[PDB]
Amino acid sequence: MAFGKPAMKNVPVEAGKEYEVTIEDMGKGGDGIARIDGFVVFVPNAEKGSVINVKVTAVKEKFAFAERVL
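Take the sequence shown: its position 10, counted from the start at 1, is 10 in PDB author numbering, and no numbers get skipped.
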């Protein structure tokens, strides 16, 4: 059972769910970079070094965008 390919190879981050992540990295625009298993999850409203609960709202081609549910 495959419509071309089986899903998108399972994205580690599921849009519509919220995960506790760390903001070990910051971007060149005051954006916080969470990383789930290495998957870069951009968080526009997270603080660096904090463990924040982020709702992945927009998974893109090579990365996803989340939001601070805090």
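Yeah, the Cβ is synthetic: ideal placement off N, Cα and C, and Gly gets one too.
Just the C-alpha distance for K9 and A2, rounded to the nearest angstrom, thanks.
Approximately 12 Å, taken between the alpha carbons.
Residue environment, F42, which counts as buried when at least 16 other CB atoms sit within 10 Å:
Under a 10 Å Cβ-count criterion, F42 is classified as buried, with 16 or more other Cβ atoms of the shown protein chains found around its own Cβ.
Buried or exposed: which applies to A46, given that a residue is buried once 16 or more other Cβ atoms fall within 10 Å of its Cβ?
Classification of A46: buried, given that the 10 Å Cβ count is 16 or more.
Inter-residue CB distance, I23 and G49 (contact presumed, cutoff 8 Å):
That belief holds up - the Cβ atoms of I23 and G49 are roughly 6 Å apart, short of 8 Å.
When DSSP builds the beta bridges, which residues end up paired with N53?
DSSP lists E20 as partners of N53.
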